[PDB]
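Undergrad: Here it is: the structure, laid out below.
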Amino acid sequence: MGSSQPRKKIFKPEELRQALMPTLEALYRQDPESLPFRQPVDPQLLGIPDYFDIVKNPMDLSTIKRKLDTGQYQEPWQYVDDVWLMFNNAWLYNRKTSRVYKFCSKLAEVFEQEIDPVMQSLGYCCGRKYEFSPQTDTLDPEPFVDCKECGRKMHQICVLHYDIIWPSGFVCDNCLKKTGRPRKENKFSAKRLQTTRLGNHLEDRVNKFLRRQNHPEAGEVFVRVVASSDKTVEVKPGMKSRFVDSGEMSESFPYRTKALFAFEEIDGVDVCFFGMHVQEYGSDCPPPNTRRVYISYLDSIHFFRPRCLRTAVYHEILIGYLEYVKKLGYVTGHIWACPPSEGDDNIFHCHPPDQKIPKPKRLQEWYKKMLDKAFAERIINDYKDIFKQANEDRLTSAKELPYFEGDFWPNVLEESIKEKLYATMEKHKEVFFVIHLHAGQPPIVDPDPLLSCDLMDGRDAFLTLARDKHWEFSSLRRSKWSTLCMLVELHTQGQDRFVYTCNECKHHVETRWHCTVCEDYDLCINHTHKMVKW
Ligand SMILES: CC(=O)N[C@H](CCCCNC(=O)CSCCNC(=O)CCNC(=O)[C@H](O)C(C)(C)COP(=O)(O)OP(=O)(O)OC[C@H]1O[C@@H](n2cnc3c(N)ncnc32)[C@H](O)[C@@H]1OP(=O)(O)O)C(N)=O
Ligand SMILES: [Zn+2]
Ligand SMILES: [Zn+2]
Ligand SMILES: [Zn+2]
Ligand SMILES: [Zn+2]
Ligand SMILES: [Zn+2]
């Protein structure tokens, strides 16, 4: 039952009383807001019988003062926890409209204002009591990591320590500077993730843009394709009995799905801010889907450091994609511009509450804004809504409009099972976009291999994992931890197991040479660049 920290930091009652008293004093200094808290709550004075059936562990400034004065706190966190218990009791019994609730919120704002730097000066991260967002009476706490050398407990998310990266345990920032050796660099980074021709093109597109701007807060951006696989869309049994039972359209359609993410350095750490799953139907795919792409899902977390260039870099990513698929041989883009349902996430588990979900018109206008700039850039020849293309290119049969996986139309055709379908086309005409890469020969060849990654094969896997692991994207601090964890998941959970080969030799070798300039220059001496003995 007993533990052993020989060099553990203990605070004498007067050392913590010296440091924690200013913070408690600042609360008492707030008149009249601290007045219903300066003494314990009295249900007989207030006519509130049910108080002790709601608040089970009462707390108030006076009890916290008595504990502080008579040294009943051994380490700061017991003080910190008791104030938040008093605050949490007020937010509980008193309604959000209440004066006491507002009074409590003011005290809490001043507690946050003072407690953070005092805890920081005493070798801690912050003085806040954190909890995870509710899922599905009782909430989940934030994890803590105890310093190996000093024993000081810290919020795991504050300090960004994950064991799988640093297995020698966690040692606090100041302990490392007492020895004179800085922390061991995180190798599970976005920059280190497997480079792909597509991702490189997209990150060049955004890095050249912000290089031209030279914005102060702007951090380096990394776009990586984390999963790439060959999937198949099977035609639904309804439309299958009308066109597949004959020979008008194929029973299935081949596409390559690719999940891809965008990351940026914020305070020297990787923060993920953009997600996107696409469907690419190649040259050997039967009609209608031949040579077309389809943005299946897209998501974002608004913590992009220079908040001004935020939508400029989202648009530059979306435009770099179209410049890429077009260049290698695709002809039409397809976006179902629909926002997510209330309280539902596309890719990133827990969105920030202060992050505004655009209205369907705003989303259409945002996509519209992106496409016009790409037209001027001479990437997209032209674009039109689904109705202005089914009547310009003359469509009369169901088999003529593209059939994508999880798209609206493949499921709406199944609804017309008892019977007007061209009438549904102009109702939602602004939602569906048809992009033209070419106006009007050799087959497509994706140079990139296939990234096998179960977590990014479909949105559901990453969304469910983060939900169980509590990897939220609700705060910048919480997004930094969720990115830290998702990067180790993509690294360690790497389903692809490599077999390296040399370039000029073309042999499967174990001992090799790798220069510090090219992307993957492996060579067998059995070139101008300086090689490394790997
Ligand atoms: C059956 C079924 O399940 N069916 C489903 C159907 C799924 C359909 C398939 N979906 C797709 O294919 C994807 S199309 C896009 C989907 N939506 C999303 O990506 C999620 C929303 N979040 C975002 O990623 C971003 O908002 C983004 C779209 C990237 C635009 O970035 P932004 O930078 O432009 O921000 P803003 O929020 O638009 O607005 C930018 C400004 O507008 C402000 N703003 C935004 N919305 C509002 C608003 N509501 N009220 C007031 N202001 C508002 C915001 O505060 C801000 O201001 P500031 O510049 O001062 O900061 C199924 N199959 O699963
Ligand atoms: Zn903390
Ligand atoms: Zn320490
Ligand atoms: Zn700006
Ligand atoms: Zn060789
Ligand atoms: Zn080289």
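Identifiers in this document derive from the order of the structure tokens: chains are assigned A, B, ..., residues are numbered from 1 separately in each chain, and ligands are numbered from 1 in order of occurrence.
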Write out as a list in words each polymer residue whose atoms come within 8 Å of region 250-257 of chain A, counting only C-alpha atoms; drop sequence neighbours fewer than 2 positions from it.

TA: residues 228, 229, 230, 231, 232, 233, 234, 235, 240, 244, 247, 248, 259, 277, 278, 279, 280, 281, 282, 285, 286 and 289 of chain A

Undergrad: For chain A versus ligand 3, which residues have an atom no more than 6 Å away, and what is each residue's nearest atom pair and distance in Å rounded to one decimal, using only C-alpha atoms and all ligand atoms, chain-then-number order, as a tab-separated table?

TA:
```
residue	atom	partner	partner_atom_place_in_ligand_line	distance
A:147	CA	ligand 3	1 (Zn)	5.0
A:149	CA	ligand 3	1 (Zn)	4.8
A:150	CA	ligand 3	1 (Zn)	3.8
A:171	CA	ligand 3	1 (Zn)	5.4
A:172	CA	ligand 3	1 (Zn)	4.2
A:175	CA	ligand 3	1 (Zn)	4.6
```

Undergrad: Could you save those same residues with N, CA and C atoms as an mmCIF file, in the first residue's frame?

TA:
```
data_model
loop_
_atom_site.group_PDB
_atom_site.id
_atom_site.type_symbol
_atom_site.label_atom_id
_atom_site.label_comp_id
_atom_site.auth_asym_id
_atom_site.auth_seq_id
_atom_site.Cartn_x
_atom_site.Cartn_y
_atom_site.Cartn_z
ATOM 1 N N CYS A 147 5.150 13.811 -11.181
ATOM 2 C CA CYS A 147 6.558 13.954 -11.529
ATOM 3 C C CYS A 147 7.381 12.874 -10.845
ATOM 4 N N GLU A 149 10.776 12.765 -10.278
ATOM 5 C CA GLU A 149 11.724 13.313 -9.321
ATOM 6 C C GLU A 149 11.059 14.078 -8.155
ATOM 7 N N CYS A 150 10.273 15.141 -8.420
ATOM 8 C CA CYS A 150 9.656 15.912 -7.332
ATOM 9 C C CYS A 150 8.304 15.352 -6.795
ATOM 10 N N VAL A 171 9.186 13.511 -16.031
ATOM 11 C CA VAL A 171 9.940 14.361 -15.126
ATOM 12 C C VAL A 171 9.633 15.811 -15.526
ATOM 13 N N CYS A 172 9.259 16.631 -14.542
ATOM 14 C CA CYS A 172 8.856 18.000 -14.808
ATOM 15 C C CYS A 172 9.954 18.843 -15.469
ATOM 16 N N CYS A 175 12.821 20.119 -13.290
ATOM 17 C CA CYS A 175 13.725 19.041 -12.890
ATOM 18 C C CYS A 175 14.751 18.781 -13.979
#
```

Undergrad: Please identify the helix (DSSP H, G or I) residues within region 346-450 of chain A (assignment by DSSP from backbone atoms) and present them as an MDAnalysis selection string.

TA: chainID A and resid 360:376 387:390 398:400 408:415 421:427

Undergrad: For the selection you just gave me, I'd like the residues written to a file as a short mmCIF file (atom, residue, chain, number, x, y, z; two decimals), in the first residue's frame, keeping N, CA and C atoms.

TA:
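Full text of again.cif as output:
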```
data_model
loop_
_atom_site.label_atom_id
_atom_site.label_comp_id
_atom_site.auth_asym_id
_atom_site.auth_seq_id
_atom_site.Cartn_x
_atom_site.Cartn_y
_atom_site.Cartn_z
N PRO A 360 -26.41 26.42 -44.09
CA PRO A 360 -26.30 25.89 -45.46
C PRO A 360 -25.98 26.93 -46.56
N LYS A 361 -26.51 28.16 -46.45
CA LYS A 361 -26.21 29.20 -47.45
C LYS A 361 -24.75 29.66 -47.34
N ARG A 362 -24.27 29.82 -46.10
CA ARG A 362 -22.89 30.22 -45.81
C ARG A 362 -21.92 29.17 -46.32
N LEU A 363 -22.25 27.88 -46.13
CA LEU A 363 -21.40 26.78 -46.60
C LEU A 363 -21.31 26.79 -48.12
N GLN A 364 -22.46 26.97 -48.80
CA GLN A 364 -22.52 27.04 -50.26
C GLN A 364 -21.72 28.24 -50.74
N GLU A 365 -21.86 29.39 -50.08
CA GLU A 365 -21.13 30.60 -50.44
C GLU A 365 -19.63 30.45 -50.19
N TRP A 366 -19.24 29.71 -49.14
CA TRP A 366 -17.85 29.45 -48.80
C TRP A 366 -17.19 28.59 -49.88
N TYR A 367 -17.88 27.51 -50.31
CA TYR A 367 -17.41 26.64 -51.40
C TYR A 367 -17.35 27.43 -52.71
N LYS A 368 -18.35 28.31 -52.92
CA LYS A 368 -18.47 29.19 -54.08
C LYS A 368 -17.26 30.12 -54.14
N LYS A 369 -16.87 30.71 -52.99
CA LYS A 369 -15.73 31.62 -52.86
C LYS A 369 -14.43 30.92 -53.24
N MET A 370 -14.28 29.66 -52.80
CA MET A 370 -13.11 28.84 -53.07
C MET A 370 -12.97 28.55 -54.56
N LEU A 371 -14.07 28.13 -55.19
CA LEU A 371 -14.10 27.77 -56.59
C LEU A 371 -13.83 28.93 -57.55
N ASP A 372 -14.30 30.16 -57.22
CA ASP A 372 -14.10 31.34 -58.06
C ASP A 372 -12.62 31.70 -58.12
N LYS A 373 -11.93 31.61 -56.97
CA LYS A 373 -10.50 31.92 -56.90
C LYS A 373 -9.67 30.88 -57.65
N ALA A 374 -10.12 29.62 -57.64
CA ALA A 374 -9.43 28.56 -58.37
C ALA A 374 -9.64 28.72 -59.88
N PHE A 375 -10.81 29.25 -60.31
CA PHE A 375 -11.13 29.51 -61.72
C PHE A 375 -10.14 30.56 -62.23
N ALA A 376 -9.96 31.65 -61.47
CA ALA A 376 -9.00 32.70 -61.81
C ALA A 376 -7.56 32.16 -61.86
N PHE A 387 -28.48 20.53 -61.05
CA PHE A 387 -29.57 20.75 -62.00
C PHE A 387 -29.07 21.41 -63.29
N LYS A 388 -28.26 22.47 -63.18
CA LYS A 388 -27.67 23.14 -64.35
C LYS A 388 -26.67 22.27 -65.14
N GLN A 389 -26.46 21.01 -64.73
CA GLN A 389 -25.59 20.09 -65.45
C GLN A 389 -26.39 18.91 -66.01
N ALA A 390 -27.45 18.47 -65.29
CA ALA A 390 -28.33 17.41 -65.76
C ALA A 390 -29.24 17.87 -66.93
N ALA A 398 -31.79 7.48 -64.64
CA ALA A 398 -31.17 7.42 -63.32
C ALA A 398 -29.68 7.03 -63.38
N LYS A 399 -29.34 6.06 -64.25
CA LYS A 399 -27.97 5.58 -64.43
C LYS A 399 -26.98 6.63 -64.96
N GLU A 400 -27.45 7.84 -65.27
CA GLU A 400 -26.58 8.88 -65.82
C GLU A 400 -25.94 9.75 -64.76
N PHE A 408 -26.23 11.35 -51.19
CA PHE A 408 -27.67 11.53 -51.08
C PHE A 408 -28.46 10.79 -52.18
N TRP A 409 -28.12 11.03 -53.46
CA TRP A 409 -28.81 10.43 -54.59
C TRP A 409 -28.91 8.91 -54.55
N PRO A 410 -27.82 8.12 -54.37
CA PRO A 410 -28.00 6.66 -54.29
C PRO A 410 -29.06 6.20 -53.30
N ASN A 411 -29.27 6.96 -52.21
CA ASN A 411 -30.28 6.59 -51.21
C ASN A 411 -31.67 7.14 -51.54
N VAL A 412 -31.75 8.28 -52.27
CA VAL A 412 -33.03 8.85 -52.68
C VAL A 412 -33.67 7.99 -53.79
N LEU A 413 -32.86 7.36 -54.65
CA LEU A 413 -33.36 6.47 -55.70
C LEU A 413 -34.02 5.23 -55.09
N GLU A 414 -33.55 4.79 -53.92
CA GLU A 414 -34.14 3.67 -53.22
C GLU A 414 -35.50 4.02 -52.61
N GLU A 415 -35.73 5.32 -52.30
CA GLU A 415 -36.99 5.79 -51.73
C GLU A 415 -38.11 5.71 -52.75
N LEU A 421 -38.59 12.66 -59.50
CA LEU A 421 -37.20 12.62 -59.04
C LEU A 421 -36.40 13.81 -59.59
N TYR A 422 -36.72 14.24 -60.82
CA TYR A 422 -36.10 15.44 -61.41
C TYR A 422 -36.55 16.72 -60.65
N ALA A 423 -37.70 16.65 -59.93
CA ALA A 423 -38.24 17.73 -59.11
C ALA A 423 -37.40 17.88 -57.82
N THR A 424 -36.91 16.76 -57.27
CA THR A 424 -36.04 16.81 -56.09
C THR A 424 -34.64 17.38 -56.44
N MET A 425 -34.23 17.26 -57.70
CA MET A 425 -32.94 17.73 -58.18
C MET A 425 -32.74 19.24 -58.13
N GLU A 426 -33.76 20.05 -58.44
CA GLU A 426 -33.59 21.52 -58.37
C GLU A 426 -33.92 22.09 -56.98
N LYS A 427 -34.59 21.30 -56.12
CA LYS A 427 -34.89 21.73 -54.76
C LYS A 427 -33.56 21.84 -54.00
#
```

Undergrad: Looking at A:270, A:520, A:109, A:323, which one is nearest to ligand 6, with distances taken over only C-alpha atoms and all ligand atoms?

TA: A:520

Undergrad: With only C-alpha atoms and all ligand atoms counted, collect every polymer residue having an atom within 8 Å of ligand 1; state the result as a PyMOL selection string.

TA: chain A and resi 274+295-302+307-308+310-311+314+335-341+345-346+355-359+362-363+366+406-408

Undergrad: Write a file of the just-selected residues containing N, CA, C and O atoms, as a tab-separated table (two decimals), in the first residue's frame.

TA:
```
chain	number	residue	atom	x	y	z
A	274	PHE	N	-7.69	20.21	-39.75
A	274	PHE	CA	-8.47	19.96	-40.96
A	274	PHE	C	-8.43	18.50	-41.30
A	274	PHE	O	-7.35	17.90	-41.35
A	295	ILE	N	-15.69	14.60	-52.56
A	295	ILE	CA	-15.33	14.88	-51.17
A	295	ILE	C	-16.39	14.25	-50.29
A	295	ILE	O	-17.48	14.82	-50.15
A	296	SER	N	-16.11	13.04	-49.75
A	296	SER	CA	-17.10	12.35	-48.96
A	296	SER	C	-17.40	13.05	-47.66
A	296	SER	O	-18.58	13.26	-47.39
A	297	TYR	N	-16.38	13.47	-46.89
A	297	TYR	CA	-16.53	14.22	-45.63
A	297	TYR	C	-15.40	15.26	-45.48
A	297	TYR	O	-14.31	15.09	-46.03
A	298	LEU	N	-15.66	16.32	-44.70
A	298	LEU	CA	-14.69	17.38	-44.42
A	298	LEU	C	-14.97	17.91	-43.01
A	298	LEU	O	-16.13	18.08	-42.65
A	299	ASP	N	-13.92	18.16	-42.22
A	299	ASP	CA	-14.09	18.72	-40.89
A	299	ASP	C	-12.96	19.66	-40.52
A	299	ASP	O	-11.90	19.65	-41.14
A	300	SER	N	-13.20	20.51	-39.52
A	300	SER	CA	-12.22	21.49	-39.09
A	300	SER	C	-12.38	21.87	-37.63
A	300	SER	O	-13.48	21.78	-37.07
A	301	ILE	N	-11.25	22.31	-37.03
A	301	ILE	CA	-11.11	22.83	-35.68
A	301	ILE	C	-10.40	24.20	-35.85
A	301	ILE	O	-9.26	24.28	-36.30
A	302	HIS	N	-11.14	25.29	-35.55
A	302	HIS	CA	-10.79	26.70	-35.78
A	302	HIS	C	-9.59	27.28	-35.02
A	302	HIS	O	-9.45	28.50	-34.99
A	307	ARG	N	-5.57	33.33	-37.18
A	307	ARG	CA	-7.01	33.19	-37.42
A	307	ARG	C	-7.53	33.90	-38.68
A	307	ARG	O	-8.63	33.61	-39.14
A	308	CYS	N	-6.73	34.82	-39.23
A	308	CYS	CA	-7.03	35.56	-40.45
A	308	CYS	C	-6.86	34.63	-41.66
A	308	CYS	O	-7.78	34.49	-42.47
A	310	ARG	N	-6.92	31.49	-41.79
A	310	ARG	CA	-7.61	30.24	-41.55
A	310	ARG	C	-8.34	29.73	-42.77
A	310	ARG	O	-7.99	28.66	-43.27
A	311	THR	N	-9.33	30.49	-43.28
A	311	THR	CA	-10.10	30.01	-44.43
A	311	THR	C	-9.29	30.11	-45.74
A	311	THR	O	-9.54	29.32	-46.64
A	314	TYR	N	-7.67	26.76	-45.70
A	314	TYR	CA	-8.64	25.68	-45.95
A	314	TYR	C	-8.90	25.63	-47.47
A	314	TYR	O	-8.88	24.56	-48.07
A	335	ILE	N	-19.00	17.88	-54.92
A	335	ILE	CA	-19.10	18.21	-53.51
A	335	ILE	C	-20.55	18.25	-53.11
A	335	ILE	O	-21.32	19.01	-53.70
A	336	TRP	N	-20.95	17.47	-52.09
A	336	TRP	CA	-22.29	17.58	-51.56
A	336	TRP	C	-22.10	18.54	-50.39
A	336	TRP	O	-21.78	18.09	-49.30
A	337	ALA	N	-22.25	19.86	-50.63
A	337	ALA	CA	-22.07	20.91	-49.62
A	337	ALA	C	-23.17	20.93	-48.55
A	337	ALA	O	-24.03	21.80	-48.56
A	338	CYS	N	-23.13	19.97	-47.62
A	338	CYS	CA	-24.10	19.92	-46.54
A	338	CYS	C	-23.42	19.99	-45.18
A	338	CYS	O	-22.50	19.22	-44.90
A	339	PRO	N	-23.89	20.90	-44.31
A	339	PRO	CA	-23.35	20.99	-42.95
A	339	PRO	C	-23.81	19.81	-42.07
A	339	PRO	O	-24.78	19.11	-42.39
A	340	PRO	N	-23.11	19.57	-40.95
A	340	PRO	CA	-23.48	18.44	-40.09
A	340	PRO	C	-24.73	18.69	-39.25
A	340	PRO	O	-25.11	19.84	-39.02
A	341	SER	N	-25.33	17.61	-38.77
A	341	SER	CA	-26.51	17.65	-37.91
A	341	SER	C	-26.16	18.26	-36.52
A	341	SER	O	-24.99	18.29	-36.14
A	345	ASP	N	-20.55	15.26	-35.25
A	345	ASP	CA	-19.25	15.62	-35.80
A	345	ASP	C	-18.87	14.79	-37.02
A	345	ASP	O	-19.11	13.59	-37.05
A	346	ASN	N	-18.27	15.45	-38.01
A	346	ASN	CA	-17.84	14.76	-39.22
A	346	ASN	C	-16.61	13.88	-38.98
A	346	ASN	O	-16.65	12.69	-39.26
A	355	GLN	N	-16.97	27.52	-31.43
A	355	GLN	CA	-16.79	27.39	-32.89
A	355	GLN	C	-18.14	27.29	-33.61
A	355	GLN	O	-18.89	26.32	-33.43
A	356	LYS	N	-18.43	28.30	-34.43
A	356	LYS	CA	-19.71	28.42	-35.11
A	356	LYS	C	-19.88	27.55	-36.37
A	356	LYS	O	-19.07	27.60	-37.30
A	357	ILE	N	-20.96	26.74	-36.35
A	357	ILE	CA	-21.40	25.84	-37.43
A	357	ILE	C	-22.11	26.67	-38.51
A	357	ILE	O	-23.16	27.27	-38.26
A	358	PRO	N	-21.53	26.75	-39.72
A	358	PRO	CA	-22.15	27.57	-40.77
A	358	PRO	C	-23.53	27.10	-41.22
A	358	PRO	O	-23.89	25.92	-41.12
A	359	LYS	N	-24.32	28.08	-41.68
A	359	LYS	CA	-25.66	27.85	-42.22
A	359	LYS	C	-25.50	27.29	-43.63
A	359	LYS	O	-24.57	27.69	-44.34
A	362	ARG	N	-24.27	29.82	-46.10
A	362	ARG	CA	-22.89	30.22	-45.81
A	362	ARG	C	-21.92	29.17	-46.32
A	362	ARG	O	-20.89	29.52	-46.89
A	363	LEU	N	-22.25	27.88	-46.13
A	363	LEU	CA	-21.40	26.78	-46.60
A	363	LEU	C	-21.31	26.79	-48.12
A	363	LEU	O	-20.20	26.69	-48.65
A	366	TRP	N	-19.24	29.71	-49.14
A	366	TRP	CA	-17.85	29.45	-48.80
A	366	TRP	C	-17.19	28.59	-49.88
A	366	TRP	O	-16.11	28.93	-50.36
A	406	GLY	N	-22.40	6.49	-49.85
A	406	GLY	CA	-22.97	7.34	-48.81
A	406	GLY	C	-23.44	8.70	-49.30
A	406	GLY	O	-23.62	9.62	-48.49
A	407	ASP	N	-23.63	8.86	-50.61
A	407	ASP	CA	-24.12	10.11	-51.18
A	407	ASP	C	-25.65	10.15	-51.07
A	407	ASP	O	-26.28	9.12	-50.84
A	408	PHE	N	-26.23	11.35	-51.19
A	408	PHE	CA	-27.67	11.53	-51.08
A	408	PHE	C	-28.46	10.79	-52.18
A	408	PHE	O	-29.36	10.00	-51.86
```

Undergrad: Kindly work out which residues sit at most 10 Å from ligand 5, using only C-alpha atoms and all ligand atoms, and give the list as a list in words.

TA: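 Sorted by chain and then by number, the residues are residues 501, 502, 503, 504, 505, 506, 507, 508, 509, 512, 513, 522, 523, 524, 525 and 526 of chain A.
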
Undergrad: Can you tell me how far CA of residue 428 (chain A) sits from CA of residue 458 (chain A), in Å to one decimal?

TA: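 Going from CA of residue 428 (chain A) over to CA of residue 458 (chain A) covers 25.7 Å.
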